[PDB]
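There is one chain below, alone, in structure tokens, taken in the form deposited in one PDB entry.
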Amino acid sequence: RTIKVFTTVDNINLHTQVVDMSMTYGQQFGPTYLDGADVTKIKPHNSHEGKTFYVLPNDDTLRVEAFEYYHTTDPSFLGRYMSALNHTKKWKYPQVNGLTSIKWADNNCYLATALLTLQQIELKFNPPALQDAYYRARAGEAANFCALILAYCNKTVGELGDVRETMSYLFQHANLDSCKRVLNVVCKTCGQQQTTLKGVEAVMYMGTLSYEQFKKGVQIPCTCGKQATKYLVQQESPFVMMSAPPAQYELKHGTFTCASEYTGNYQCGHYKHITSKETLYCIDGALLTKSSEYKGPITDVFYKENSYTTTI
């Protein structure tokens, strides 16, 4: 009438639990999962002896273990993660030019170019759940990592994601504390004004795709009301993310790390990934295409960096 099972929220700290065989797992634990499979509606079987089941945090011990692994206090995070994992566990994660991509399914193209981008930039995540899942994503088992991204971004499978918003969500769970960016906006109604940015804001800019033009100076509307020019004074980061509203942009080999292109119907479009190696490669899910240059509606371009100091 009883079996011994183990319940967990992080698959690290296991918890011995006795369950009645006449009552389902849902009546005893609430929502319960056995390796991504929903077993809430199922009564415990003989073959479930000693197996490990995923459950939701419903006491002090499970909530603190879920907080130390996922770095979140959201009580619904694990459920939204299990809901996405039920789909991401079915996706194909082929190795494309040494990078782990995703075959297209349920508008996951923004997740693919984000996953392909993360494998080319230096970035260390703070939540242990994100670190462990990314390491496995490198090996072609990205089901846990994609379900975590969807949970952290609070997006469901099938929704159109934004690469810039997605990376921004991931950067806020990454160790970018030591990153620093120094900017200076020149004009005439103000003259000069220098600001310093730290963390996530130091590695992202919206308005220009060219990292070189960001150093030469871009024109922005300043509240002063003049022909204001913003230029990069100092950059201390392992990478930079340049983003802009989509227009026709020319990518050349060796001048960047990787980029993202957005095409199709704008409300519900499609993302592609362009990476720079010995030449330019376009990764569209599992499809690989190589060319010397690339012309298209680019939205995000990533560049490598260590320490920049302007000479102007």
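Residue numbers here begin at 1 and follow the sequence given. Under this definition, the rigid core comprises the largest set of C-alpha atoms superposing within 1.5 Å between the forms.
Between the stretches 289 to 297 and 20 to 28, it is 20 to 28 that shows the larger average CA temperature factor.
As listed in the deposited structure, the average C-alpha B-factor of 71 to 79 and of 218 to 226 is greater for 218 to 226. In this structure the maximum Cα B-factor among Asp35, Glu278, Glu261, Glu250 is found at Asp35. By the numbers in the PDB entry, the CA B factor is greatest at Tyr231 among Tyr231, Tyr211, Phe145, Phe171. Ranked within its chain, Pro128 lands in the middle third, by CA B factor from the PDB record. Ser243 sits in the lowest third of its chain by CA B factor, as recorded in the PDB entry. Residue-level temperature factors show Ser47 in the highest third of its chain, judged at the C-alpha atom. Among the modelled residues of its chain, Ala139 has a C-alpha B-factor that falls in the lowest third according to the deposited record. Per-chain ranking of the deposited C-alpha B factor places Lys188 in the highest third.
Another form, the form deposited in another entry, is not on view; read the next lines as being about it.
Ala37 is the only residue from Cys282, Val64, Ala37, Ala286 whose Cα shifts by 2 Å or more between the shown form and the other one, the rigid core being superposed. In the core-superposed comparison between the shown form and the other one, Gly264 has its Cα shifted by at least 2 Å.
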